[PDB]
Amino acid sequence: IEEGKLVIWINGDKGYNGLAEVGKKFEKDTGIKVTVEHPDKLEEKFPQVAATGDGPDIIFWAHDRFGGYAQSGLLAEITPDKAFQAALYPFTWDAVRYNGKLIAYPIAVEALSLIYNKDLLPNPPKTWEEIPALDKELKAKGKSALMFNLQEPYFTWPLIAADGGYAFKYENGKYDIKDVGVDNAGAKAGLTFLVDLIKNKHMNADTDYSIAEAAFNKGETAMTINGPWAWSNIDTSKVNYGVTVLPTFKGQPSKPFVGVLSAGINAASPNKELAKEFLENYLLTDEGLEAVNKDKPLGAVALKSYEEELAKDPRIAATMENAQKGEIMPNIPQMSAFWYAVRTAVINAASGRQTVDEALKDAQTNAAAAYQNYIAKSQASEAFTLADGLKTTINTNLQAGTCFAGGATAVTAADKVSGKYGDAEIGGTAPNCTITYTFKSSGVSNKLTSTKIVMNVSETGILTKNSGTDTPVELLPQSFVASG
């Protein structure tokens, strides 16, 4: 990570061009260049690159992923003065609190709404159950009732939760991480309704974000389900749209998981004070939020002064009505595993590859498998932590003409280093020095036990994959694997 610069990652559906304008302003006032990027699969790429000490200075995502990042030591604890904290709503700070510590800046509150074409559908349905017959009628005029992103469980969750689906049971001030709530009658009823929509040819299992967006914005489908960020592209389209409450299911509201768009600081960033000043004094201002919101709407913003104006928008009022019917997502480390499990179940049921019963029955197991991989990847990141220390040791004693000591050709104890999950030591000969990290035979993931990561050290300190590595390739940072 470059010192004296700011690299920002934010998802491609957000107002990153508007964010870059706030960036350019910061660059004018400070001389600090700000670069805004939007990598695909950003929320999965960041933990990998941050593990090797690289990545963005600042990462934006909904708050649900941040407990996982914090747990893996990837986030800097944030430190705003109480005067600043008073500028944002209290419940938004709560969303970014993990283990007592604030782990990000809250930016905006997002919930899914029902978006409808007022010309096709002046009076949109209040119930999911009306939608099949509505589609049949619209098909006669060459239109469809509803299209939305079926590939991400975020979009199907409001229906799954309506009759009783839940992520983790909340009992006695804690989440029960072993009580996952998609293997119950309520979840099954919601997913069954969805699968029948596909079986009855009212929806296609392959519909994704782009397909649904293009169909709604071109007037081919009467309704879609999406968040505030989507409104901008509809604004530029011919469509006259309305934003309203999600349909009910079995007389109960759809319950979208509510996300707080948040900005965290990379633990490995050399630019932490700069990141803080950008976020506190440029982004989280009326002018800063407006710049982004003008690009792609944020929803209901955490900043009280600017949300004062936004709240008069009927679209934000619907956003907040849906948010209240739903629930704020947990931020616990198991959230990404939960999301992997629900994505898999929904897709397996959608495609017809598994029954709704079988798909949902496998979810907790699938979540566990995902979480075990997450733990192993986190533990493996220690090798790059230890190697970074050892790599400076390597360059300081290369002066003695060797990879070690003040001249030895065996590793001194000053060339070894102990870790929590394994030990690293310098190796090699001549100017081609290596670092080897060996996992313990127990007390670490059984995916990792007794395996080793072997790194070649360039003269410039860049670590590449040596073929002696037998730590599983899929648990290593992809950039490291690529160098192999």
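Just count from 1 along the sequence shown to find any residue number.
Chemist: Would 58 to 66 or 28 to 36 have the larger average of its C-alpha temperature factors, as given in the entry?
Modeler: Comparing averages over the C-alpha atoms only gives 28 to 36.
Chemist: Would you tell me which stretch averages the higher CA B-factor in the PDB entry, 91 to 99 or 215 to 223?
Modeler: Result of the comparison: 91 to 99.
Chemist: According to the Cα B-factor stored in this entry, which of the following is highest: 344, 237, 351, 254?
Modeler: Answer, based on the entry's C-alpha B-factors: 351.
Chemist: Highest Cα B-factor in the PDB entry belongs to which of 77, 287, 362, 208?
Modeler: If I rank 77, 287, 362, 208 by C-alpha B-factor, first place goes to 287.
Chemist: How does the C-alpha B factor of residue 435 compare with the rest of the chain: lowest, middle or highest third?
Modeler: Highest third.
Chemist: With respect to C-alpha B-factor, does residue 333 fall in the lowest, middle or highest third of the chain as deposited?
Modeler: Lowest third.
Chemist: Is residue 15 in the lowest, middle or highest third of its chain when residues are ranked by C-alpha B-factor?
Modeler: Residue 15: CA B-factor falls in the lowest third of its chain.
Chemist: Could you place residue 153 in the lowest, middle or highest third of its chain by Cα temperature factor, using the values in the record?
Modeler: Answer is lowest: the recorded C-alpha B-factor places it there.
Chemist: Place residue 301 in the lowest, middle or highest third of its chain's C-alpha B-factors, as listed in the PDB entry.
Modeler: It falls in the middle third of the chain.
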